[PDB]
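Contents: one structure, followed by commentary.
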Amino acid sequence: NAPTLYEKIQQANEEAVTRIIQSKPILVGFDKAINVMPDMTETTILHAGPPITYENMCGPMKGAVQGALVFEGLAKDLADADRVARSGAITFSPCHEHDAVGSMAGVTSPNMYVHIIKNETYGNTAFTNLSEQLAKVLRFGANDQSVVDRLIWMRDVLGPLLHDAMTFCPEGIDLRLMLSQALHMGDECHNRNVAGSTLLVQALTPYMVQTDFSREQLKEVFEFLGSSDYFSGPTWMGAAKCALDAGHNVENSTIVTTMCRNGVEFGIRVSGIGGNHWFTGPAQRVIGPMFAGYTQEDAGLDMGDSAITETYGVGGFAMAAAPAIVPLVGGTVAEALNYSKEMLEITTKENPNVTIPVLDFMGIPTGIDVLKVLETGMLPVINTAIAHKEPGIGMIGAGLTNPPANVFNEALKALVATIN
Amino acid sequence: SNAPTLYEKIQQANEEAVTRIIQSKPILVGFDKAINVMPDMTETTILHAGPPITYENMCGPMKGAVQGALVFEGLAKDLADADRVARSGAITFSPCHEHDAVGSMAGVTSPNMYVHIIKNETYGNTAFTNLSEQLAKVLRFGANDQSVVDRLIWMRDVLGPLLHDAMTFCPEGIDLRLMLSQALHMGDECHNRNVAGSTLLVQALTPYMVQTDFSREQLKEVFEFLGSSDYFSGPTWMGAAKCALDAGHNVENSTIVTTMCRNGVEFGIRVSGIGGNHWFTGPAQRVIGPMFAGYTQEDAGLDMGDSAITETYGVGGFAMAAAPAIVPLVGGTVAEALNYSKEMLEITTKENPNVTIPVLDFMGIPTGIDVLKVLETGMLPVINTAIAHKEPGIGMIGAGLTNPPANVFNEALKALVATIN
């Protein structure tokens, strides 16, 4: 009594999405990437998006890698760094291929500090760097003395104090739970992190104080953390990565387990294909509110791993939860309420642990299924920060984008061919 | 001719009054023992929520409050004794409202409790409120074990002083209208759901507490205390609202409500054009809503507390729409909550642009409940509040929707038509 092919996929997607939903990413500590991540070398630099060579990277990402190389000691300055990167001496590699995710340029170097996030349920581990805090920052390609000065402080004090702080928190911090409180306080955990960041520092505060650091280091670190609302940003991405990784490599699943971009190409991974097989197409423009005297002409293409957030069910998929981002991202609140409802049409089921009050507490729409995106013709709606096409400069606005279509086509083809 | 006519003079006065309210900017500047900073305090003076009320006529839970308080202040050896002292002529019982303060639930506030000191940056008037004790077994609900009096002492021996000291490292103060601003974009409504506000406040306070001379060991238990409940900023918003509202009080000819409060027996309001501490009073009402399991509506007491200053300001139940998280706690439908915040506009003078509700396309909260419009529409202020056991100390046993009583507005109007030169 054999099962039908479409029936295989239904079963696989149920297995896949159950693992995603039942995942309980726990924040366990912090440590230099080199000390704690897989396949790391002192000459490895990780970045956001699918694979790409340095020569092909876009302005901002190059800038971030130059900034990074100088932070590492590997270069006396920017002009030098570019020479060093171009030389074959550096190994470049996506975060995703090292069980990590990076925000924006997503450049992460051996002695940057990272979140250590462990899946309570299924045992896998995810990693992600810390938010610098301002707008003029490495993850946007800026790379002043000021910028590397701040990387240094983070390596030399912030990192160490968080490492020591989690030492006094043997239980870890349950990120799904905190994520779910966040969506009840008007965040979608992608471009709105206000509530999430405030929960995080509340949670971290008493452990920090139990540290050997001085009152004065403590104050300046409290101040950095209240500097902007983006501190938990990376945190939610890591939880999402931890969760989605538990749903990868399931024999016949058509669930998207990764969506990322590097400012030149968008790449996806699908569960039933497994491993690091990427499907890539052109990164799209990001249409939205532009900042202080800026234009669409100035913006680079979509960039960053933050999209792992929508792949989980949050961010743009949860925009109904966060009507407050509308001025920042464009559109009506009407539409913002609608997206979460429409995303039900291309996902596999509601996540009963993360709910949205304005929608009568419906679970977030979880598990993008390539088949449904093809049949409905609805590409996932992503929200994102807009970055300048020039290195240096800052974040310059925010808006809405979609993945390219080709990518889902190519994945559909790969699947129906795998199953025989 | 426009020979300055009447309905005008009211339209003009409401403009000035609501402009004060909207433009007030309440700044949290300090903390200190009531007796050190509040107007007309004496050591034998104790404050309660709602309009004036003798002790003998107070209700179960609030009598328990003056008793716990008295034991703490050290004016009676014990509960049964306390009740004796209160009944003797040796205590002045007067409302928070008449000392520029406000009080949550029983609202009892005695000389040695610590209060927020909140000062109007625009208009320069000050308001005060006590702090959240943080548990369910708590004085504001009438409970008075040893445990409760101990926590009260802890709050005045340690927590209190810590707070006071922290705020001296912060000479700019904390801007409350801004923070409230942000809370309402984070799913709070600053009456029933206070999570966002509370988390924004403990975070702004931390840097300053750390600059203090308290031991780490002491900071440790104070954090434990601050996250034991999400209610820590609740009083803070009452104080904010009280501070703004008072600056809109005493405007000749104005029919704007500047106080709504209750003491478990009566509901009482003040109107700007009437002024001072002239109170209009009716029967406090039942609060009907979902019940905490094992409890039922005949367990409940009548509406009690000063927390309704919140809807007097434009927030709380008036902001219902901003806080879809509360629907199953406070009852009703989400569509109904959107609808109520819209409705409230026919009762109010104009939208506050500085404080807005995202889901309603960022309309400003509805400000300036106008006696005259309450009357002509027939529509009463909606207030969402906690339902509290009628017995002392049992505490919150659910929540729901209530209203002020119709009569209180009728009298208002009649007192107005009799004043307006």
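Could you tell me the convex hull volume per residue, in Å³, taken over the Cα atoms of the protein assembly as shown? Could the numbers behind the result be given before it?
Numbers: hull volume 151.6 nm³, N = 841.
So the per-residue hull volume is 180 Å³.
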For a quick check, take a GNM of chain A with Cα springs below 10 Å and name the residue from A:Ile386, A:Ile364, A:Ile90 with the largest mean-square fluctuation. A:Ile90
Quick calc: nm separation of the 7 Å Cα→Cβ label points for B:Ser1 and B:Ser94 -> 4.5
In debye to the nearest 20, the charge dipole size for chain B, taken about the Cα centre with +1 at each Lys and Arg Cβ and -1 at each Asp and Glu Cβ, equals 200
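Given the rule -39500 (n - 2.57) for each run of at least 4 DSSP H residues, summed and divided by the residues of chain A, what is its mean residue ellipticity at 222 nm, to the nearest 500 deg cm²/dmol? Don't skip to the answer; put the middle values down first.
Working: 14 runs with 146 residues, N = 420.
About -10500 deg cm²/dmol.
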Is segment A:170-212 rounded, prolate or oblate when judged by the Cα gyration tensor, a ≥ b ≥ c being the square roots of its eigenvalues, rounded requiring a/c under 1.5 and prolate requiring a/b larger than b/c? prolate
Which of A:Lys118/A:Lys219; A:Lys372/A:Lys413; A:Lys32/A:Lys241; B:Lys25/B:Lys220 exceed 23 Å between C-alpha atoms? The answer is A:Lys118/A:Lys219; B:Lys25/B:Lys220
Looking only at Cα atoms, what is the convex hull volume of segment A:33-152 per residue, in Å³? 99
List the residues, sorted by chain then number, that are 5 or more residues from A:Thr258 or on another chain and whose placed amide H is less than 5 Å from its amide H. A:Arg269
Segment A:338-366 and segment A:184-252: distance between their alpha carbon centers, rounded to Å: 23
Normalised by the empirical 2.2 N^0.38 Å for globular proteins, what value does the Cα Rg of segment B:42-111 take? 0.98
Under Karplus coefficients 6.51, -1.76 and 1.60, residue-wise ³J(HN,Hα) of segment A:201-218 in Hz, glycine/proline x: 5, 4, 4, 6, 3, x, 5, 4, 5, 6, 7, 6, 5, 6, 3, 6, 6, 5
Charge dipole magnitude, Cβ of K and R +1, D and E -1 - segment A:253-420, Cα centre, debye nearest 20: 220
Which distance in nm do the two modelled labels at A:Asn111 and A:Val36 give, with both placed 7 Å along the Cα-to-Cβ direction? 1.7
Could you work out how much longer the chain between B:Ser215 and B:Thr168 gets when fully extended? Use 0.36 nm per residue separation minus the Cα distance between them, nm to one decimal. 15.2 nm
With a 10 Å cut-off between alpha carbons and a GNM built on chain A, which of A:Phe266, A:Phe92, A:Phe127 moves the most? A:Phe92
Ordered by residue, what ³J(HN,Hα) values in Hz, to whole numbers, does segment A:40-53 give under the Karplus form 6.51 cos²θ - 1.76 cosθ + 1.60, where θ = phi - 60° and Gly and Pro are x? 9, 10, 5, 10, 8, 10, 9, 9, 7, x, x, x, 6, 8
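State whether segment A:298-420 is rounded, prolate or oblate according to the following rule on the C-alpha gyration tensor (a ≥ b ≥ c being the square roots of its eigenvalues): a/c under 1.5 gives rounded; otherwise a/b larger than b/c gives prolate, and the remaining case gives oblate. List each step's numbers first, then the result.
Details: a/c = 2.25, a/b = 1.14, b/c = 1.97.
Oblate is the answer for segment A:298-420, as a/c is 1.5 or above yet b/c matches or exceeds a/b.
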Among A:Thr121, A:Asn406, A:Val333, whose Cα lies farthest out toward the positive end of the dipole of chain A, if unit charges sit on the beta carbon of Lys, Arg (+1) and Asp, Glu (-1)? A:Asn406
Check cross-link reach from B:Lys9 to the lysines: straight Cα distance under 26 Å, and skip same-chain residues fewer than eight apart. B:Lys242, B:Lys350, B:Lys373, B:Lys414
I'd like the Karplus ³J(HN,Hα) series for segment A:106-115: coefficients 6.51, -1.76, 1.60, θ = phi - 60°, whole numbers in Hz, and an x wherever there's a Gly or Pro. x, 6, 9, 10, x, 9, 8, 8, 9, 5
I want to verify the translational diffusion coefficient of chain B in µm²/s; compute it with Stokes-Einstein, Rh as the Kirkwood radius over Cα pairs, at 25 °C and 0.890 mPa s. 115
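Values in this text are rule-based calculations from the coordinates and carry no lab data. Reconstructed Cβ throughout: ideal geometry from the backbone, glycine too, with neighbour counts over all protein chains shown.
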